[PDB]
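So the structure is just underneath, and the comments pick up after that.
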Amino acid sequence: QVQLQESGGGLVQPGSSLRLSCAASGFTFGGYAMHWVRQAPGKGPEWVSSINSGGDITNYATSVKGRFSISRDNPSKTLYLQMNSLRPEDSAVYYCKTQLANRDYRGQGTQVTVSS
Amino acid sequence: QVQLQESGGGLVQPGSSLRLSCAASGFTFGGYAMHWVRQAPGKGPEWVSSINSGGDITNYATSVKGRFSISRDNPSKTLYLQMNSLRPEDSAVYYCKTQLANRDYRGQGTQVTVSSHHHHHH
Amino acid sequence: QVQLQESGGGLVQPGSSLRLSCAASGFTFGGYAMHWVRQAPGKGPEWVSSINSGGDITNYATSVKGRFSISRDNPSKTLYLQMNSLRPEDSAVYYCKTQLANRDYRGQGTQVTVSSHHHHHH
Amino acid sequence: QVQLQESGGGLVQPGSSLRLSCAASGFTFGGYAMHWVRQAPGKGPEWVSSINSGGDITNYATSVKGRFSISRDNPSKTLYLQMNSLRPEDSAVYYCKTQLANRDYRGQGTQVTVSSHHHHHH
Amino acid sequence: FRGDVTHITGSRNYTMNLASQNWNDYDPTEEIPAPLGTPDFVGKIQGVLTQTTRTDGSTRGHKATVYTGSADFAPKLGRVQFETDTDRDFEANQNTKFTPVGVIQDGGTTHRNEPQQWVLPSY
Amino acid sequence: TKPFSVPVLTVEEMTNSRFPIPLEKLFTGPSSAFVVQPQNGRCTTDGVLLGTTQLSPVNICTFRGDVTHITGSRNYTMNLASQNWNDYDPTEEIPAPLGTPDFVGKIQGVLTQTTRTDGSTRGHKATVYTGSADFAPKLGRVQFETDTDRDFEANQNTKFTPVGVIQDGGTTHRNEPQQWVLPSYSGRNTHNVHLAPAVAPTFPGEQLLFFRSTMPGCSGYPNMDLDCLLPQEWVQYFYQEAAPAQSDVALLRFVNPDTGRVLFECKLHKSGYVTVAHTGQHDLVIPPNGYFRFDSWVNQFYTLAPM
Amino acid sequence: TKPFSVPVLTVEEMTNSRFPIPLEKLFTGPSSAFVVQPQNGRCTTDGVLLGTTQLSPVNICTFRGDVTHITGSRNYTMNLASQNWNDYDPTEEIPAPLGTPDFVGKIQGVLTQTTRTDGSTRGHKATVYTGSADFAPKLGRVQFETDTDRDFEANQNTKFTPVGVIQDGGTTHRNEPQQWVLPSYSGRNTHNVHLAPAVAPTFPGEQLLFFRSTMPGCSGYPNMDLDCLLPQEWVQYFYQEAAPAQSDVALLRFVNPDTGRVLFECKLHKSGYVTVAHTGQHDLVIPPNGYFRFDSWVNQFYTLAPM
Amino acid sequence: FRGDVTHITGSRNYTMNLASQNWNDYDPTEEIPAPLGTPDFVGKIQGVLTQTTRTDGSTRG
């Protein structure tokens, strides 16, 4: 089966850095675009960042541009999100998600809380 | 319609050089492999040379390798055969031919006689 | 034979000072540049400090400059390294080494551990 | 249709003056460095003088410095060489040349004979 | 594949001038797409190039790969390039055969994206 | 028949072909908006030197000749000789004397001179402005600005040794030198001739790979980036080997010799430049022991793995 | 794999291995009266670099690092870095950083510096006296005399580019530099280590063949002769070829390619130097297109045709 | 296509950062192959890039 498991969240201080991970299995991983999304309490999910197979195409939500950096390691089937200059409004569950053929998949998510 | 017309044949001495041409029309020419074939008196036709669209692949019959050179100019849709160190056994009608989809096309040909003899008549 | 024997290492707290010694024999000692090098866990050896025969030229790795001091006594054939403001990243086996003609010589070393942790066992 | 044609040569006495011209056509002339070259019988050619487009840069072979003066008129596409105080060893065919892209062009030249001798025939 | 091979100097690559299965001359003007039995998919086929020297019966075999997506894969015109593990063993003008074994994939790349069995080579 | 190869040399073991300094790094970037036409560091893979390229790393951007003082100034005009002190001929089929700087900028160095009779010597700070109307090396004339108005003798061998570049610190920082703007080798309003051709990637998605150094700066805020198309050692090696090109493109792999792992692959075109598959400006991260290895002859349309 | 050989290069096409300048001529002379032990231009025929020898001529007699002003002078102490600006390691099995000058003298050049935070640059005349007690490159310390007491920053990348040599004109002309006197690389009263050995002809009737240049002079009446044992291009070529030596002596012939006639023959010793059969000082007269050609491995007692 | 553009230094090329056809933010995680209206063939499509400067209404194409 297709499986995605995010890790790396936690409770952190404004301005700190955090690196999230998504471990994938059950598909080639390479060859597929991968995405980070997040959902805060009382809010619908919102796209954060995307990356294609080779990592030469990336994109970012305006709210995280210049602060977050997406990357991937296809041999280990791992997606990464480097989060710098974290702010309280970055608090949310961060999900990793992909699209294979005509179906979407996403992990259970990892909680990030930025607070003083 | 597809058309191929060879030119440049004649009577020449052993050891000399001669260049044949084939003017093509009615298809893109580029995109298609082209070939030279020849038919000596009393024999059937035999392959001489081949070239692919861009000219980066060529090949030659063992009997002419090192002496003949095939080339093409796609903008003018012209095929060429440069013949050097000609031998009596090179005498033949030379034809250009191609293959498009599942059909072959050949020109009417051009006669090449390699001989030191110079008494001939109809 | 050439012999170099280091001493003075131990386990010490960050910020403290420690003096290492190297007892040389089997060569003039005077007249030769001498060096301290060190090997931290998981790493290869790296240069720490150097001194020429009279001690008027000394140098130090960037990471220790301003904190360490090299010195020598040629009559007693002893080399010294005074280490101050010790940091955890200074932990390593410290060796004395020299070069005579086209050969290098190094002692067996002395261990230096800089830690505020009080619980270690073999 | 690049063309260069020199004129003004002749037989002159040592110490006299002579002005050569080179008429250019078939290229813009302006915009290109121009050169005078000379070649004596049985010898190879030797550079004499050069000039850039506006004539603010000129140079001369050491053997003619202070005696020859190169100039140009771009509207008429004409190059000039004023030769003063001519010496026997100045005798040669003088020709003008230029360089356009990766190709050089020279004129047929004009004969300059500096001599008290005046018996010559074909 | 069968024919004679020519070394591409400076490399471990060889160009094979194709013969027919019975070692007869191959004719590019026949009404076929390519010599009979030519691979009909784009991929990297690994095998062994073997050769016998006729004068003394000496023999040699070397690992060899043919990329059927290469611009130098032109079996219809009698020319196929092999990548081998040698730059010196193979003689010119001696019978040489390629025996196929299997296929390979550039392993730093997304798994199982080659061969492409439904993509015809450009013969 | 002679086999082609490239030298087993790391980047830091090699030398820039456009200024006498070591290479530091590899860089790729787009270059379609301007003309890339350096004249030093130009050589075909079978060893034909092009442009102003010559074999000596230490003669790049050096001048030799005799000097004449420009009265009322500290400026001297050099009448150029060849690099071996033979006569210089403006009618040779070259754009300028071999080794002439191939960029517009202000190069600072030292003019030295020996008086032949007694062996007395002298050296003075000197700057050559290669965009000046008096910079006409193709016609054998170059002007130097020095810190003396009297010390250099006429008709004595004089040499310019280049050191670095300068910039006017009162103007926009890093606005000069302009490494991709060729000088006008015969001065104002005069076309350059006999140039090695401009270079550009012809395959979609490819960029030139540049061999990059940092030129010393001697004053102001100069742009000290200096990119060459071939290391000087490749020029020297191709000339020496003279191996015929078997196709238009040599495929090179950049290899870590400890692990045999290939970091990236690139195309060495037979006319003498390198391309990689990348989009954007990128400083390559390489192991310091990495080197280039020739693997096979390919064609202009070989598709490179992305770097 | 490949036989031994020497490159097809004329004398004037090659470079001195002891200073970054072209070769000019060949010279032979007796040398039993002094010690010939240069450390640059040292390489075995099978490609093992010796002494302080490295591969590019542009790095010879250069230094780089950071500088500190010496109060009460116009002198600066350079703390040496490696070529890529990392720490230099005095414990390597070499006499001194590769490219360090290997003679006692006063080398004049320019110290240049860039400030990393804003890209500002500066350059000043500088001289290094390699006989000074403060010349200790093996331990990463070298002193420069400059024309400034205030215009260099601390902790900023600084480079010395060499230009030429100087002499004190009030003293005996040509009494310095002394090209065959090695510096003390670690300063006063400290033995040099890891040296390439001294060289001397051992066969009766033979002398060393020297590859000679004239260094630029920047002041006074210096001895400008500079003789190296191997052209830098031979060091580069032997390193590249790495051909095993099949005896201790390679027989070379110097040939005129126009006529094919051999002008003289010489012995290239495996450890990296050349001898000829000649007695006395002699400037060789050679055709400018002549070059060296390897013709056979020979025994050490091979008798050369007189030169 | 609509969006904002970023110049690719050293070239005459620009990267357009796509907006939705009504200038709203584009979401790559929608269950579509690509933005609606994206070309669906491989080829070289020529046209005109136009731009307006919001503050003063200056335009360029």
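Letters A, B, ... go to the chains of the structure tokens in the order shown; residues in each chain start at 1; ligands are counted from 1 in the same order.
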
Quiz item: Per DSSP on the backbone, what are the strand (DSSP E) residues of chain C, as a PyMOL selection string?
Solution: chain C and resi 3-7+11-12+18-25+34-39+45-51+58-60+68-73+78-83+92-100+103-106+110-114

Using only C-alpha atoms, please write the residues we just selected to a file, as an mmCIF file, in the first residue's frame.
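Everything below was put into again.cif:
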data_model
loop_
_atom_site.group_PDB
_atom_site.id
_atom_site.type_symbol
_atom_site.label_atom_id
_atom_site.label_comp_id
_atom_site.auth_asym_id
_atom_site.auth_seq_id
_atom_site.Cartn_x
_atom_site.Cartn_y
_atom_site.Cartn_z
ATOM 1 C CA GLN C 3 61.526 8.725 21.075
ATOM 2 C CA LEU C 4 58.676 11.094 21.953
ATOM 3 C CA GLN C 5 56.534 10.636 25.075
ATOM 4 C CA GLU C 6 53.553 12.878 25.844
ATOM 5 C CA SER C 7 52.033 13.405 29.294
ATOM 6 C CA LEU C 11 39.374 14.893 32.127
ATOM 7 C CA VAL C 12 38.659 18.556 32.848
ATOM 8 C CA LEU C 18 45.773 22.112 31.148
ATOM 9 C CA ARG C 19 49.476 21.800 30.327
ATOM 10 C CA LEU C 20 50.853 18.974 28.188
ATOM 11 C CA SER C 21 54.489 17.859 27.996
ATOM 12 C CA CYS C 22 56.520 15.849 25.474
ATOM 13 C CA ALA C 23 59.844 14.289 26.493
ATOM 14 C CA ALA C 24 62.127 13.794 23.482
ATOM 15 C CA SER C 25 65.265 11.695 23.090
ATOM 16 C CA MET C 34 58.327 20.533 16.699
ATOM 17 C CA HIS C 35 54.562 20.177 16.463
ATOM 18 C CA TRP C 36 51.460 19.259 18.413
ATOM 19 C CA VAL C 37 48.654 17.401 16.627
ATOM 20 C CA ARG C 38 45.414 15.911 17.908
ATOM 21 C CA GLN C 39 42.843 13.272 16.966
ATOM 22 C CA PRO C 45 44.642 13.770 13.108
ATOM 23 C CA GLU C 46 44.751 17.537 12.753
ATOM 24 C CA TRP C 47 47.451 20.118 13.347
ATOM 25 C CA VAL C 48 47.376 22.129 16.582
ATOM 26 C CA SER C 49 50.619 24.104 16.932
ATOM 27 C CA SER C 50 54.224 24.400 15.719
ATOM 28 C CA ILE C 51 57.468 25.966 16.969
ATOM 29 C CA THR C 58 55.188 29.814 16.500
ATOM 30 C CA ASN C 59 51.833 29.137 14.899
ATOM 31 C CA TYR C 60 48.444 27.726 15.843
ATOM 32 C CA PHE C 68 46.834 27.705 23.446
ATOM 33 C CA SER C 69 50.539 28.452 23.839
ATOM 34 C CA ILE C 70 53.436 26.308 22.584
ATOM 35 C CA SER C 71 56.906 26.428 24.133
ATOM 36 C CA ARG C 72 60.048 24.317 24.338
ATOM 37 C CA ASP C 73 63.193 23.770 26.408
ATOM 38 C CA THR C 78 60.932 18.973 26.297
ATOM 39 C CA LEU C 79 57.993 20.419 24.366
ATOM 40 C CA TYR C 80 55.009 22.055 26.082
ATOM 41 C CA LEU C 81 51.443 22.991 25.178
ATOM 42 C CA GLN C 82 49.526 25.293 27.514
ATOM 43 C CA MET C 83 45.798 25.032 26.813
ATOM 44 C CA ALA C 92 41.095 14.449 21.631
ATOM 45 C CA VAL C 93 44.286 12.435 21.865
ATOM 46 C CA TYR C 94 47.147 14.956 21.734
ATOM 47 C CA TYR C 95 50.417 13.933 20.091
ATOM 48 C CA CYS C 96 53.848 15.464 19.778
ATOM 49 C CA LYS C 97 55.516 15.027 16.389
ATOM 50 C CA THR C 98 58.600 16.074 14.476
ATOM 51 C CA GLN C 99 60.289 15.624 11.109
ATOM 52 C CA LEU C 100 63.969 14.743 10.702
ATOM 53 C CA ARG C 103 61.020 10.893 8.018
ATOM 54 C CA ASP C 104 58.309 11.792 10.522
ATOM 55 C CA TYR C 105 58.053 10.695 14.155
ATOM 56 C CA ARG C 106 55.104 10.904 16.530
ATOM 57 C CA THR C 110 47.952 11.623 25.806
ATOM 58 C CA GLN C 111 44.162 11.779 26.155
ATOM 59 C CA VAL C 112 42.326 15.042 26.892
ATOM 60 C CA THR C 113 38.582 15.109 27.588
ATOM 61 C CA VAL C 114 36.708 18.378 28.182
#

Practice problem: Pick out the chain F residues within 8 Å of chain D. Count only C-alpha atoms. Give them as a ChimeraX atom specification. | Solution: /F:89-91,93,134,136,139-141,186-195

Would you put the residues from that selection into a file with N, CA, C and O atoms, as a PDB file, in the first residue's frame?
ATOM      1  N   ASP F  89      53.919  41.614 -36.018  1.00  0.00           N
ATOM      2  CA  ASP F  89      53.391  41.872 -37.357  1.00  0.00           C
ATOM      3  C   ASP F  89      51.874  42.048 -37.317  1.00  0.00           C
ATOM      4  O   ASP F  89      51.143  41.062 -37.125  1.00  0.00           O
ATOM      5  N   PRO F  90      51.355  43.266 -37.501  1.00  0.00           N
ATOM      6  CA  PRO F  90      49.898  43.469 -37.454  1.00  0.00           C
ATOM      7  C   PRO F  90      49.118  42.750 -38.551  1.00  0.00           C
ATOM      8  O   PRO F  90      47.886  42.691 -38.456  1.00  0.00           O
ATOM      9  N   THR F  91      49.766  42.214 -39.584  1.00  0.00           N
ATOM     10  CA  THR F  91      49.038  41.586 -40.683  1.00  0.00           C
ATOM     11  C   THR F  91      48.869  40.081 -40.507  1.00  0.00           C
ATOM     12  O   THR F  91      48.306  39.426 -41.393  1.00  0.00           O
ATOM     13  N   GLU F  93      47.178  36.603 -39.143  1.00  0.00           N
ATOM     14  CA  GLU F  93      45.761  36.242 -39.156  1.00  0.00           C
ATOM     15  C   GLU F  93      45.264  35.941 -37.741  1.00  0.00           C
ATOM     16  O   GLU F  93      44.736  34.875 -37.440  1.00  0.00           O
ATOM     17  N   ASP F 134      43.485  54.531 -26.814  1.00  0.00           N
ATOM     18  CA  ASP F 134      44.887  54.233 -27.065  1.00  0.00           C
ATOM     19  C   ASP F 134      45.229  52.760 -26.873  1.00  0.00           C
ATOM     20  O   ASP F 134      46.404  52.388 -27.001  1.00  0.00           O
ATOM     21  N   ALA F 136      45.374  49.686 -28.627  1.00  0.00           N
ATOM     22  CA  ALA F 136      45.320  49.210 -30.013  1.00  0.00           C
ATOM     23  C   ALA F 136      46.370  48.126 -30.213  1.00  0.00           C
ATOM     24  O   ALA F 136      47.230  48.222 -31.094  1.00  0.00           O
ATOM     25  N   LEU F 139      47.408  46.720 -33.662  1.00  0.00           N
ATOM     26  CA  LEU F 139      48.334  47.544 -34.429  1.00  0.00           C
ATOM     27  C   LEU F 139      49.641  47.796 -33.682  1.00  0.00           C
ATOM     28  O   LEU F 139      50.429  48.663 -34.089  1.00  0.00           O
ATOM     29  N   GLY F 140      49.882  47.067 -32.595  1.00  0.00           N
ATOM     30  CA  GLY F 140      51.150  47.127 -31.900  1.00  0.00           C
ATOM     31  C   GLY F 140      51.332  48.270 -30.924  1.00  0.00           C
ATOM     32  O   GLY F 140      52.474  48.567 -30.562  1.00  0.00           O
ATOM     33  N   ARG F 141      50.251  48.901 -30.459  1.00  0.00           N
ATOM     34  CA  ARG F 141      50.330  50.112 -29.639  1.00  0.00           C
ATOM     35  C   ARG F 141      49.444  49.965 -28.410  1.00  0.00           C
ATOM     36  O   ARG F 141      48.236  49.740 -28.544  1.00  0.00           O
ATOM     37  N   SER F 186      42.044  47.260 -32.350  1.00  0.00           N
ATOM     38  CA  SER F 186      42.687  48.300 -33.150  1.00  0.00           C
ATOM     39  C   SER F 186      42.200  49.699 -32.796  1.00  0.00           C
ATOM     40  O   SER F 186      42.456  50.643 -33.551  1.00  0.00           O
ATOM     41  N   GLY F 187      41.505  49.861 -31.679  1.00  0.00           N
ATOM     42  CA  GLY F 187      41.082  51.181 -31.255  1.00  0.00           C
ATOM     43  C   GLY F 187      39.687  51.535 -31.735  1.00  0.00           C
ATOM     44  O   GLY F 187      38.891  50.690 -32.159  1.00  0.00           O
ATOM     45  N   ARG F 188      39.404  52.836 -31.694  1.00  0.00           N
ATOM     46  CA  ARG F 188      38.032  53.312 -31.844  1.00  0.00           C
ATOM     47  C   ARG F 188      37.465  52.992 -33.225  1.00  0.00           C
ATOM     48  O   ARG F 188      38.140  53.132 -34.248  1.00  0.00           O
ATOM     49  N   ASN F 189      36.199  52.578 -33.243  1.00  0.00           N
ATOM     50  CA  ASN F 189      35.413  52.471 -34.472  1.00  0.00           C
ATOM     51  C   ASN F 189      36.053  51.534 -35.491  1.00  0.00           C
ATOM     52  O   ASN F 189      35.863  51.701 -36.695  1.00  0.00           O
ATOM     53  N   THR F 190      36.813  50.544 -35.031  1.00  0.00           N
ATOM     54  CA  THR F 190      37.494  49.613 -35.922  1.00  0.00           C
ATOM     55  C   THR F 190      37.091  48.187 -35.567  1.00  0.00           C
ATOM     56  O   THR F 190      37.258  47.761 -34.422  1.00  0.00           O
ATOM     57  N   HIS F 191      36.570  47.451 -36.551  1.00  0.00           N
ATOM     58  CA  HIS F 191      36.100  46.089 -36.318  1.00  0.00           C
ATOM     59  C   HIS F 191      37.238  45.150 -35.937  1.00  0.00           C
ATOM     60  O   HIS F 191      38.294  45.146 -36.571  1.00  0.00           O
ATOM     61  N   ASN F 192      36.994  44.301 -34.939  1.00  0.00           N
ATOM     62  CA  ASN F 192      37.906  43.196 -34.665  1.00  0.00           C
ATOM     63  C   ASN F 192      37.876  42.197 -35.818  1.00  0.00           C
ATOM     64  O   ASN F 192      36.859  42.037 -36.504  1.00  0.00           O
ATOM     65  N   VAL F 193      38.994  41.490 -35.999  1.00  0.00           N
ATOM     66  CA  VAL F 193      39.144  40.527 -37.083  1.00  0.00           C
ATOM     67  C   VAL F 193      39.703  39.220 -36.537  1.00  0.00           C
ATOM     68  O   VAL F 193      40.274  39.165 -35.448  1.00  0.00           O
ATOM     69  N   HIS F 194      39.518  38.154 -37.321  1.00  0.00           N
ATOM     70  CA  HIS F 194      40.119  36.841 -37.061  1.00  0.00           C
ATOM     71  C   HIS F 194      39.766  36.301 -35.676  1.00  0.00           C
ATOM     72  O   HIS F 194      40.556  35.583 -35.059  1.00  0.00           O
ATOM     73  N   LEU F 195      38.563  36.605 -35.193  1.00  0.00           N
ATOM     74  CA  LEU F 195      38.141  36.170 -33.868  1.00  0.00           C
ATOM     75  C   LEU F 195      37.778  34.695 -33.847  1.00  0.00           C
ATOM     76  O   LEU F 195      37.197  34.168 -34.802  1.00  0.00           O
TER      77      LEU F 195
END

Give me the least-squares superposed chain C (reference chain D; all C-alpha atoms paired in order) as an mmCIF file with C-alpha atoms, in the first residue's frame.
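The result, stored in selection-v5.cif:
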data_model
loop_
_atom_site.group_PDB
_atom_site.id
_atom_site.type_symbol
_atom_site.label_atom_id
_atom_site.label_comp_id
_atom_site.auth_asym_id
_atom_site.auth_seq_id
_atom_site.Cartn_x
_atom_site.Cartn_y
_atom_site.Cartn_z
ATOM 1 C CA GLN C 1 33.283 41.633 -53.996
ATOM 2 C CA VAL C 2 36.117 43.169 -51.963
ATOM 3 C CA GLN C 3 38.528 45.065 -54.192
ATOM 4 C CA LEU C 4 41.804 46.890 -53.525
ATOM 5 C CA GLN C 5 43.749 48.658 -56.288
ATOM 6 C CA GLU C 6 47.128 50.301 -55.665
ATOM 7 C CA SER C 7 48.672 53.034 -57.819
ATOM 8 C CA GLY C 8 51.503 55.562 -57.832
ATOM 9 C CA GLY C 9 54.624 53.426 -58.236
ATOM 10 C CA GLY C 10 57.554 54.177 -60.484
ATOM 11 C CA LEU C 11 61.310 54.483 -60.760
ATOM 12 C CA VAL C 12 62.780 57.305 -58.681
ATOM 13 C CA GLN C 13 66.135 58.528 -57.398
ATOM 14 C CA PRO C 14 67.450 57.960 -53.873
ATOM 15 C CA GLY C 15 66.295 60.693 -51.513
ATOM 16 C CA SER C 16 63.131 61.551 -53.446
ATOM 17 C CA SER C 17 59.491 61.306 -52.357
ATOM 18 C CA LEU C 18 56.616 59.258 -53.747
ATOM 19 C CA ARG C 19 52.946 58.919 -52.801
ATOM 20 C CA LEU C 20 51.031 55.661 -53.218
ATOM 21 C CA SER C 21 47.244 55.266 -53.288
ATOM 22 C CA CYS C 22 44.870 52.334 -52.744
ATOM 23 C CA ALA C 23 41.274 52.519 -53.991
ATOM 24 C CA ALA C 24 38.986 50.235 -51.975
ATOM 25 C CA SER C 25 35.478 48.987 -52.715
ATOM 26 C CA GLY C 26 33.157 46.152 -51.784
ATOM 27 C CA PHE C 27 33.216 46.795 -48.017
ATOM 28 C CA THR C 28 32.692 49.706 -45.643
ATOM 29 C CA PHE C 29 36.454 50.503 -45.510
ATOM 30 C CA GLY C 30 35.704 52.795 -42.597
ATOM 31 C CA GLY C 31 35.636 50.701 -39.447
ATOM 32 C CA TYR C 32 38.561 48.487 -40.519
ATOM 33 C CA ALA C 33 42.280 48.732 -39.953
ATOM 34 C CA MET C 34 44.243 49.021 -43.213
ATOM 35 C CA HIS C 35 47.847 48.124 -43.959
ATOM 36 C CA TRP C 36 50.651 48.591 -46.447
ATOM 37 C CA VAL C 37 53.024 45.682 -47.103
ATOM 38 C CA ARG C 38 55.850 45.257 -49.590
ATOM 39 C CA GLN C 39 57.812 42.506 -51.334
ATOM 40 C CA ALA C 40 61.397 43.219 -52.395
ATOM 41 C CA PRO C 41 63.213 41.080 -54.985
ATOM 42 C CA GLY C 42 64.135 37.625 -53.710
ATOM 43 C CA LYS C 43 62.131 38.060 -50.507
ATOM 44 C CA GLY C 44 58.684 37.432 -49.081
ATOM 45 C CA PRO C 45 56.222 40.167 -48.115
ATOM 46 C CA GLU C 46 56.926 42.357 -45.108
ATOM 47 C CA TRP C 47 54.830 44.826 -43.154
ATOM 48 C CA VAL C 48 55.282 48.547 -43.834
ATOM 49 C CA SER C 49 52.530 50.510 -42.070
ATOM 50 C CA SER C 50 49.092 50.260 -40.438
ATOM 51 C CA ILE C 51 46.238 52.633 -39.567
ATOM 52 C CA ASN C 52 42.987 52.229 -37.633
ATOM 53 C CA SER C 53 39.596 53.524 -38.758
ATOM 54 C CA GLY C 54 39.890 57.142 -37.607
ATOM 55 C CA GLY C 55 43.615 57.448 -38.217
ATOM 56 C CA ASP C 56 44.389 58.214 -34.572
ATOM 57 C CA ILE C 57 46.506 55.037 -34.297
ATOM 58 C CA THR C 58 49.293 54.480 -36.833
ATOM 59 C CA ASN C 59 52.451 52.405 -36.842
ATOM 60 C CA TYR C 60 55.446 51.759 -39.074
ATOM 61 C CA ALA C 61 58.117 49.142 -39.576
ATOM 62 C CA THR C 62 61.356 50.153 -37.874
ATOM 63 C CA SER C 63 63.090 50.460 -41.262
ATOM 64 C CA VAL C 64 60.661 53.148 -42.496
ATOM 65 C CA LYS C 65 59.724 54.956 -39.282
ATOM 66 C CA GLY C 66 60.322 58.692 -39.584
ATOM 67 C CA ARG C 67 60.354 58.563 -43.409
ATOM 68 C CA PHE C 68 56.895 57.242 -44.387
ATOM 69 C CA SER C 69 53.429 58.500 -43.470
ATOM 70 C CA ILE C 70 50.162 56.545 -43.715
ATOM 71 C CA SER C 71 46.773 58.235 -44.060
ATOM 72 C CA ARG C 72 43.250 57.428 -45.202
ATOM 73 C CA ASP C 73 40.028 59.034 -46.435
ATOM 74 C CA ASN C 74 37.001 57.020 -45.424
ATOM 75 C CA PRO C 75 34.394 58.850 -47.556
ATOM 76 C CA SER C 76 36.418 58.128 -50.720
ATOM 77 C CA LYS C 77 37.602 54.712 -49.425
ATOM 78 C CA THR C 78 41.215 55.549 -50.253
ATOM 79 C CA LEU C 79 44.425 54.657 -48.421
ATOM 80 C CA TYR C 80 47.662 56.617 -48.867
ATOM 81 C CA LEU C 81 51.359 56.083 -48.193
ATOM 82 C CA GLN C 82 53.686 59.080 -48.380
ATOM 83 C CA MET C 83 57.284 57.901 -48.743
ATOM 84 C CA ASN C 84 60.160 60.335 -48.194
ATOM 85 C CA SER C 85 63.954 60.022 -48.239
ATOM 86 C CA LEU C 86 63.614 56.930 -50.412
ATOM 87 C CA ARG C 87 66.532 54.479 -50.261
ATOM 88 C CA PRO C 88 67.510 51.670 -52.659
ATOM 89 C CA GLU C 89 66.435 49.095 -50.053
ATOM 90 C CA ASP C 90 62.892 50.531 -50.285
ATOM 91 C CA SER C 91 62.571 49.031 -53.785
ATOM 92 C CA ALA C 92 59.699 46.542 -53.855
ATOM 93 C CA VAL C 93 56.148 45.827 -54.938
ATOM 94 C CA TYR C 94 53.893 47.734 -52.522
ATOM 95 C CA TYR C 95 50.507 46.261 -51.627
ATOM 96 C CA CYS C 96 47.487 47.464 -49.716
ATOM 97 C CA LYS C 97 45.817 44.855 -47.512
ATOM 98 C CA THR C 98 43.059 44.498 -44.957
ATOM 99 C CA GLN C 99 41.365 41.898 -42.773
ATOM 100 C CA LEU C 100 37.589 41.499 -42.521
ATOM 101 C CA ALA C 101 36.209 38.987 -40.022
ATOM 102 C CA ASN C 102 38.430 35.897 -40.518
ATOM 103 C CA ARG C 103 39.689 36.607 -44.063
ATOM 104 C CA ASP C 104 42.490 38.718 -45.523
ATOM 105 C CA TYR C 105 42.450 40.699 -48.769
ATOM 106 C CA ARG C 106 45.337 42.234 -50.688
ATOM 107 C CA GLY C 107 45.630 44.182 -53.930
ATOM 108 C CA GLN C 108 47.784 43.233 -56.903
ATOM 109 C CA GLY C 109 50.379 45.868 -55.971
ATOM 110 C CA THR C 110 52.332 48.733 -57.512
ATOM 111 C CA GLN C 111 56.062 48.604 -58.274
ATOM 112 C CA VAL C 112 58.541 51.034 -56.688
ATOM 113 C CA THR C 113 62.201 51.114 -57.737
ATOM 114 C CA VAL C 114 64.720 53.436 -56.060
ATOM 115 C CA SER C 115 67.949 53.704 -58.032
ATOM 116 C CA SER C 116 70.519 56.234 -59.179
ATOM 117 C CA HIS C 117 71.317 53.903 -62.094
ATOM 118 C CA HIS C 118 69.791 55.179 -65.346
ATOM 119 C CA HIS C 119 70.058 52.036 -67.540
ATOM 120 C CA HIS C 120 67.409 49.328 -67.092
ATOM 121 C CA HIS C 121 65.564 47.161 -69.602
ATOM 122 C CA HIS C 122 63.159 44.225 -69.508
#

Practice problem: Select all residues from chain E having any atom no more than 10 Å from an atom of chain B (counting only C-alpha atoms, ignoring ligands), output as a PyMOL selection string. | Solution: chain E and resi 17+25-33+71-74+76-79+123

Quiz item: Which chain E residues are at most 12 Å from chain F (counting only C-alpha atoms), as a PyMOL selection string?
Solution: chain E and resi 6-15+69-72+81-85+87+106+108-109

With 7 Å as the cut-off and only C-alpha atoms counted, what is the closest atom pair between each nearby residue of chain G and chain F? Distances in Å to one decimal, ordered by chain and number, as CSV.
residue,atom,partner,partner_atom,distance
G:8,CA,F:240,CA,7.0
G:13,CA,F:55,CA,6.9
G:14,CA,F:56,CA,6.8
G:15,CA,F:56,CA,7.0
G:20,CA,F:58,CA,6.0
G:21,CA,F:58,CA,6.1
G:55,CA,F:13,CA,6.7
G:56,CA,F:14,CA,6.6
G:58,CA,F:20,CA,5.9
G:112,CA,F:218,CA,5.9
G:113,CA,F:217,CA,6.8
G:114,CA,F:217,CA,6.6
G:119,CA,F:221,CA,5.7
G:120,CA,F:221,CA,4.8
G:121,CA,F:219,CA,4.8
G:122,CA,F:218,CA,4.4
G:123,CA,F:218,CA,4.4
G:161,CA,F:163,CA,6.6
G:163,CA,F:161,CA,6.6
G:216,CA,F:112,CA,6.5
G:217,CA,F:121,CA,5.2
G:218,CA,F:123,CA,4.2
G:219,CA,F:122,CA,4.6
G:220,CA,F:121,CA,5.6
G:221,CA,F:120,CA,4.9
G:240,CA,F:8,CA,6.8
